[PDB]
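Note that the sequence shown covers residues 1856 to 1970 in the deposited numbering. Backbone N, C-alpha and C fix where the C-beta goes; we use that ideal spot for every residue, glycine too. Beneath this line is the structure, given in C-alpha cells, with notes to follow.
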Amino acid sequence: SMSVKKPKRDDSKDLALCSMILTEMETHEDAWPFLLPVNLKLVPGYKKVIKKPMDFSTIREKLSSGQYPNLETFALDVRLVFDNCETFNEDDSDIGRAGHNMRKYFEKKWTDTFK
C-alpha cells in the first residue's frame, strides 16, 4: 500500500532472458506453424473465429520495440499462440500436435528461467 512495499525482485535481465527463450522457440523443429502470421485471405474461417491472432514473428517485433511492459504480458502472447492453435486445429493433426509440444517446451523453459 502507500509507502509499504514488498522487497524489489530484480527484473533487469527479463528482456534478455525472454529474447533467449523466444530464440529457442523459433529454432525448434515444430515451430513451423507459428513462425508467421496465419494468412487471413487464404485460410477460411480464421479471421472470424480467432479474435486475437498471434505468432512468433509478431512477438519478436513487439519484444524488440518495447511493447511488453513486463515478463507476464510476454508469456500471455506466447500462450495465446497455443490457445489459438488448439481452438482451430484437431489434437490429432500435425499442427495440433506441434502446438501441444511447443506449449510443453515453453512452460518448462519459463519455470526453469523464472520460478
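Rounded to the nearest angstrom, what separates residue i and residue j at their Cα positions?
i       : j       : result
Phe1911 : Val1936 : 8 Å
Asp1938 : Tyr1901 : 13 Å
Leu1870 : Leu1926 : 8 Å
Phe1969 : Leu1877 : 14 Å
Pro1924 : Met1857 : 22 Å
Under a three-way DSSP split, which group does residue i fall into?
i       : result
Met1857 : coil
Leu1935 : helix
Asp1947 : coil
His1955 : helix
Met1880 : helix
Could you work out which residue in the options is closest to residue i when comparing CA atoms only?
i       : options                               : result
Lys1959 : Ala1886, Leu1926 and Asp1866          : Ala1886
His1883 : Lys1970, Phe1961, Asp1967 and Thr1966 : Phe1961
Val1933 : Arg1864, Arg1915 and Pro1924          : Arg1915
Compute the beta-carbon to beta-carbon distance between residue i and residue j, rounded to the nearest angstrom, for a pair I have assumed lies under 8 Å.
i       : j       : result
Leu1918 : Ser1867 : Not a contact, Cβ separation roughly 16 Å.
By Cβ distance below 6 Å, which residues in the same chain neighbour residue i in space, the five residues on each side in sequence not counted?
i       : result
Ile1905 : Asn1939
In its own chain, which residues sit with a C-beta less than 8 Å from the C-beta of residue i, not counting the 5 before and 5 after it?
i       : result
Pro1908 : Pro1892, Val1893, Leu1895, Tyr1901 and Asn1939
Starting from the C-beta of residue i, find all residues in its chain whose C-beta is less than 7 Å away, skip the five residues before and the five after it, and write them out in chain order.
i       : result
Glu1941 : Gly1954
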